[PDB]
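Novice: Numbering (the authors' numbering), first residue to last: 1 to 994.
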Ligand SMILES: CC(=O)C1=C(O)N2[C@@H](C1=O)[C@@H]1c3c[nH]c4cccc(c34)C[C@@H]1C2(C)C
């Protein structure tokens, strides 16, 4: 029964055929349990640690490398030699890296409390019911409550299901609906039905929502829905249906592996095809084995060289470091991958109150009727000073200070504000400041009467804490607050019934003090106050009052206005039913207009800036506020979302105007709008969806479970540090200070990160191209292998690892925020960066192969064979090119490889400095610009020596220390890369800018 709010208390009792006195019976209990299930949210079956890992080897590249480790194992076994001491390191290390990397990949789900699960924090363990099998209340497992039974809730309880209230035992029932919205202000319930069948939870004043708490009272209700059929459960389901897309980066990388996975394979085919000539070799000669083992060897090396094995660890470290860096700027990023996608942010929809504003309400303008006479009319406008809740400030007219007391209408105005209130001030000891106690809109009002002091009450005597509620406590004397009819969006006003304090048997004198939104209040006024006199509200004076309000709310002041009225001859206490808020407006009629107060919820001192920072960065900012369309547009201009005079006839909508437009125009409106006023519960989600259809990475703020869905959808769901728990667990980033500017700071910081990530990505992949050229060369020229996988790995993992990480601290661009949002379609390394990074590789290739062939031919300690065709043969089945030669095992000597490796390691340290900037010379951008980079380079080179001397390593890696002469040959064929890139860089700065 999900429309219980609109049905009568009797109707609900009938629907389920249950008695309010005994409740369901054990036969009804079982029958109900079998039809609706148990009252709880469905448990989660998290992915299996093995399932996750398995899915990581579901990747194409991880396979191509896996297979290799397999090709490596077969070879590692089908081999005969004394190098057996390290004949399995290769297929071992390969497989290992594959493990360590998969884990790192899976380290994106271990710890990440999600909303769909955090929602159990709100369902309680026990509930209280009245069942036919007893007279007293029994407290059963909430898990076992079903629709239709009778429950009981009292102050302190967490409502165990969606319950329709049957009767209120206490004087008034108060509920804390915070887990849904965020607002602590408890709400008042009633048992009277709510007509509208499609009423929103906020108007279902007769329902108690599962997961909420009883602030004050005791009540009895009939359970309407349970499990995933409640409000929270319905939200919990939306969550579960929300698909989560891969970050524009992941998508780009995942596609790179496809691109890479194809080439790798294509090259293993061009290799074979090149050695097809072997088809013309005597069967009775050579070897059908040395060929298969050779084609298989250079294939494995080929894969190992093409894949940047260190990338995963580098990206994961950069993002970890990147997270801590945001935290320093009060941006808690929960998802690592988010530190990346944050920079692609193209749209930011931010709530106003508290994010774009301080949420520190303050009254700074008010007016009463000065006089009415014929068509002539005059008001009495004022101004107040002090924006803090402190009772420190003053009232003044025409910038000149006046004493409020000297105005009667100001006394009344003051009386209402203090009587038709519900909050109060409180001076803090530690903080040493006055803290608001209750609604911010009210406290401001409380703070007002303390500044006005219409009764000249001597307060300068009183201490801080004493004068806090001084002037208020005084007004609370002149009248007795009988009862108060709560505020309801229905009539958007509220009132309190009062009677004079000094009065024994006086049956005349009671007054009702109304406070609410101007339109409603003012139309229920037949009289207008003028001092202490009163005269009929005439058409003119009405337009006068309304116009001053339009001004204060639509002008540069952007003030929230409250009209204040009083019912002079209120209905008799007896004739009022204080149980049907549907009658409250009626009670609040034939009113007299007393005054108007205008308060301000001031924009954060850093929003205008951050908004400008956004116009530059080409980032659209969409505000979502509670204000009306009029004040909303007005606030938008005030902070810059709109230009003072720019037309916004189609760039600002109110939830209502939005629902009127057809599903097509709504999509069109989401691409142009910048201001949403009075939005519906399901709008933020629709907004996010219509924005995503335009391929825009969206940031969406908001909290409480009503917002959870939207946040889950948006690419960057933002919660407040002071927000609900579920809001946070559903968001990608938390604002440790609730400040809009923190958002912007994070986008910039994400922009840095992506650029540096794009820097080291090219760094590494280029290193891979040089290696692939190196292998393919030593293969197309039948030369002996220059570099082997075990070496390449230590390179692409460590040597190249640290510097790539170092690049993480590369200084950001100064115009980092003065260029549009990176389209999630823009590729990584392409175009100029292809040719540019192709040549670097091709050089790196030739340079390594050359360094090998050199030692082999033009080296002293090396068996010179200049033009001896290392290509023409390696077979050595003739021994002709070395008649009196009894040694051919030098074609696998460690020296030449140690030459090839040293070249690569040196060239990469170089390119690491060439990588400080994409197109800037090291002249303008010295090496020491990035200290961490210089550090890693040393840590690497030295580590290069570690594997050349420490006995185990040098042999295991198949390397031998180099002579001070040979090393002189490395620098000779390494250092030059720095000039080559400077050239390509030069070619970009000058002949590539237009
Ligand atoms: C551009 C591109 O598609 C990719 C890549 O380029 N990479 C990863 C990848 O998916 C591969 C990968 C994922 N998980 C591991 C664990 C161990 C080793 C590897 C991987 C190799 C692949 C890597 C890191 C090069």
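The beta carbon of each residue, even a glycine, is placed where N, CA and C say it ideally should be.
Taking only three categories from DSSP, how would you classify residue 636?
Specialist: For this step, residue 636 is matched to residue 636 along the chain shown. DSSP places residue 636 in the helix class (H, G or I) of the three-state scheme.
Novice: Buried or exposed: residue 407, going by 16 or more other Cβ atoms within 10 Å of its Cβ?
Specialist: Looking up residue 407 in the chain shown gives position 407. Around the beta carbon of residue 407, 16 or more other beta carbons lie within 10 angstroms, which makes this residue buried.
Novice: Pair every Cβ in the region 86 to 96 with every Cβ in the region 120 to 135, then say whether three or more of these pairs are closer than 8 Å.
Specialist: no
Novice: Run through DSSP, which three-state label would residue 920 get?
Specialist: Here residue 920 refers to the residue found at position 920 of the chain shown. Coil.
Novice: Is the CB-CB distance between residue 845 and residue 790 below 8 Å?
Specialist: One-based indexing of the chain shown puts residue 845 at position 845. One-based indexing of the chain shown puts residue 790 at position 790. Not closer than 8 Å, so no.
Novice: Examine the Cβ distances between the region 864 to 874 and the region 775 to 785 and report whether three or more of them are shorter than 8 Å.
Specialist: With the cut-off at 8 Å, the region 864 to 874 and the region 775 to 785 touch.
Novice: Rank 534, 799, 900, 46 by C-alpha distance to the C-alpha of residue 788 and give the top, closest one.
Specialist: Within the chain shown, numbered from 1, the residue matching residue 788 stands at position 788. Of 534, 799, 900, 46, the residue nearest in Cα terms is 900.
Novice: When the Cα atoms are used, what is the spatial distance from residue 769 to residue 917?
Specialist: Walking along the chain shown from the start, residue 769 turns up at place 769. Walking along the chain shown from the start, residue 917 turns up at place 917. The alpha-carbon atoms of residue 769 and residue 917 are separated by roughly 20 Å.
Novice: For ligand 1, any of its heavy atoms closer than 7 Å to the Cβ of residue 307?
Specialist: Start at 1 with the first residue of the chain shown, and residue 307 comes out as number 307. Indeed, a heavy atom of ligand 1 lies less than 7 Å from the Cβ.
Novice: Is the region 545 to 561 in contact with the region 599 to 606, if contact means three or more CB pairs nearer than 8 Å?
Specialist: yes
Novice: With a threshold of 16 other CB atoms inside 10 Å of the CB of residue 629, please say whether the residue is buried or exposed.
Specialist: If you number the chain shown from 1, residue 629 lands on position 629. Residue 629 should be labelled buried.
Novice: Nearest by alpha-carbon distance to residue 819: which of 616, 426, 257 is it?
Specialist: As a position in the chain shown, residue 819 is number 819, starting the count at 1. Per the Cα distances, 616.
Novice: Assign residue 697 to one of three DSSP states: helix, strand, or coil.
Specialist: The count along the chain shown starts at 1 and reaches residue 697 at position 697. The answer is coil: DSSP assigns residue 697 none of H, G, I, E or B.
Novice: Would DSSP call residue 280 helix, strand or coil?
Specialist: The residue given as residue 280 occupies position 280 in the chain shown. Three-state DSSP puts residue 280 in a helix.
Novice: Taking only runs of the alpha helix (DSSP H) that begin and end inside the region 827 to 863, which ones reach a length of at least 4 residues, in chain order?
Specialist: Inside the region 827 to 863, DSSP marks whole alpha helix (DSSP H) runs of 4 or more residues at positions 832 to 858, from first to last along the chain.
Novice: Would you decide whether residue 155 is buried or exposed? Buried here means 16 or more other CB atoms lie within 10 Å of its CB.
Specialist: In the chain shown, counting from the first residue as 1, residue 155 sits at position 155. Exposed is the call here.
Novice: Below 7 Å, is the gap between the Cβ of residue 56 and the nearest heavy atom of ligand 1?
Specialist: Reading the chain shown from its first residue, position 56 is the one you call residue 56. Yes, the Cβ of residue 56 comes within 7 Å of a heavy atom of ligand 1.
Novice: Am I right that residue 909 and residue 940 are in contact with their C-beta atoms under 8 Å? What's the rounded C-beta distance?
Specialist: Against the chain shown, residue 909 aligns to sequence position 909. Against the chain shown, residue 940 aligns to sequence position 940. Contact flag correct, Cβ pair sits at about 6 Å.
Novice: Based on DSSP bridge pairs, tell me the residues matched to residue 221.
Specialist: As a position in the chain shown, residue 221 is number 221, starting the count at 1. DSSP output for residue 221 lists 151, 165 as bridge partner(s).
Novice: Output yes or no for whether 8 Å exceeds the beta carbon distance between residue 401 and residue 468.
Specialist: Translated into positions along the chain shown, residue 401 becomes position 401. Translated into positions along the chain shown, residue 468 becomes position 468. Between residue 401 and residue 468, the gap from beta carbon to beta carbon reaches 8 Å or more.
Novice: Which stretch, first to last residue, makes up the alpha helix (DSSP H) that contains residue 257?
Specialist: In the chain shown, residue 257 corresponds to position 257, counting from 1. Start and end: 248 to 274.
Novice: What are the start and end residues of the alpha helix (DSSP H) that includes residue 91?
Specialist: In the chain shown, counting from the first residue as 1, residue 91 sits at position 91. 89 to 106 is the span of the alpha helix (DSSP H), which, as asked, contains residue 91.
Novice: Excluding five sequence neighbours on each side, which residues of the same chain lie with their C-beta closer than 7 Å to the C-beta of residue 483?
Specialist: Taking the chain shown and counting its residues from 1, one reaches residue 483 at position 483. 497, 578.
Novice: Mapping DSSP to helix, strand and coil, what is residue 420?
Specialist: Taking the first residue of the chain shown as position 1, residue 420 is located at position 420. It is coil, neither helix nor strand.
Novice: Buried or exposed: which applies to residue 619, given that a residue is buried once 16 or more other Cβ atoms fall within 10 Å of its Cβ?
Specialist: Translated into positions along the chain shown, residue 619 becomes position 619. Buried.
Novice: From which residue to which residue does the alpha helix (DSSP H) around residue 55 run?
Specialist: Position 55 of the chain shown, counted from the start, is the residue given in the question as residue 55. Counting along the chain, the alpha helix (DSSP H) containing residue 55 begins and ends at 49 to 56.
Novice: For residue 664, which of 22, 60, 693 has the nearest alpha-carbon?
Specialist: Against the chain shown, residue 664 aligns to sequence position 664. Residue 693 is the option with its Cα nearest to residue 664.
Novice: To which residues does DSSP link residue 160 through a beta bridge?
Specialist: Working through the chain shown from its first residue, we reach residue 160 at position 160. Answer is none; residue 160 lacks a bridge partner.
Novice: Count the CB pairs spanning the region 749 to 756 and the region 845 to 856 that are closer than 8 Å, and state whether there are at least three.
Specialist: As far as the Cβ criterion goes, the region 749 to 756 does not touch the region 845 to 856, which means the pair count is below three.
Novice: Below 8 Å on the Cβ atoms is my contact criterion, and I expect residue 235 with residue 709 to pass it. Report the Cβ-Cβ distance as a whole number of Å.
Specialist: Counting from one through the chain shown, the residue named residue 235 turns up at place 235. Counting from one through the chain shown, the residue named residue 709 turns up at place 709. Indeed, because the Cβ distance is near 6 Å, the residues count as touching under 8 Å.
Novice: Just checking residue 927 against ligand 1 - is the residue's beta carbon closer than 7 Å to any of the ligand's heavy atoms?
Specialist: In the chain shown, residue 927 corresponds to position 927, counting from 1. Residue 927 Cβ: outside cutoff for every heavy atom of ligand 1.
Novice: Please determine if the region 304 to 317 and the region 276 to 294 are in contact, where contact requires at least 3 C-beta pairs separated by less than 8 Å.
Specialist: no
Novice: Can you have a look at residue 938 and say buried or exposed, based on whether 16 or more other CB atoms are within 10 angstroms of its CB?
Specialist: The residue labelled residue 938 in the question sits at position 938 within the chain shown. Classification of residue 938: exposed, given that the 10 Å Cβ count is below 16.
Novice: Express the C-alpha separation of residue 732 and residue 457 in angstroms, rounding to a whole number.
Specialist: Residue mapping note: residue 457 aligns to position 457 of the chain shown, counting from 1. Residue mapping note: residue 732 aligns to position 732 of the chain shown, counting from 1. Spanning the two alpha carbons is a distance of roughly 53 Å.
Novice: For residue 531, which option in 451, 471, 413 has the closest C-alpha, if you only look at C-alpha atoms?
Specialist: Position 531 of the chain shown, counted from the start, is the residue given in the question as residue 531. When only C-alpha atoms are compared, the closest one is 413.
Novice: Using the C-alpha atoms, what's the distance from residue 798 back to residue 995?
Specialist: Because the chain is modelled from 1 through 994, residue 995 falls outside the range shown and cannot be assessed.
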